[PDB]
Structure formats: C-alpha cells, structure tokens
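Worksheet for the structure shown next.
Chains as they are written, first to last, in PDB author numbering: chain A, 81 to 141; chain B, 1 to 12.
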C-alpha cells in the first residue's frame, strides 16, 4: 500500500463510533479514499481507526 | 451499507 499521509486542517469531534475525532495537525494514514467523501483513516498519534471527512485534511508528504 | 457515502460537514 501507499505510505502517504494526510494532515488535519482543523479539529473535528466525532458524532458516531464509526468516525474519528482528531486535532488540527494530526497525521492520518488513509486506508481508502475511493468510495465516497468520508475516508477510512488510521491516526498516527492515537492508533485508532475510523472514518474522517475528507474536506478536513490535506496531503502532508 | 457504505459509511463513506455521507455528505461532508461544514468546515468550522
């Protein structure tokens, strides 16, 4: 798989167990971003997985 | 059913 990572542009508070909460600056590994506008992510600071809203992130590296 | 296919939330 890809080793690219994304960075959060804003804080986000999850509204459901399926979705991550994250902080601005958090580095997120995307497992998939080809099925819809919410992407399947892995936090490289908490280790949790969950969906994130793709408008809240940008590529970092 | 897909969890990816939801509308995006507003930026804050």
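Beta carbons are placed, not taken as given, at the ideal position from N, Cα and C, and that holds for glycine.
Per the DSSP calculation, residue 107 of chain A is bridged to which residue(s)?
Translated into positions along the first chain, residue 107 of chain A becomes position 27. In DSSP, residue 107 of chain A forms a bridge with A/87.
Verify the CB distance criterion: does residue 127 of chain A have a CB-CB separation below 8 Å to chain B?
By one-based count along the first chain, residue 127 of chain A stands at place 47. Chain B, which has no Cβ nearer than 8 Å to the Cβ of residue 127 of chain A, makes this no.
Output, in chain order, the set of chain B residues within a Cβ distance shorter than 9 Å of residue 116 of chain A.
Within the first chain, numbered from 1, the residue matching residue 116 of chain A stands at position 36. Per Cβ cutoff of 9 Å: 2, 3, 4, 5, 6.
Between the stretch 81-100 of chain A and chain C, which residues of the former have a C-beta closer than 7 Å to a C-beta of the latter?
Absent from the structure: chain C. Protein chains present are A and B.
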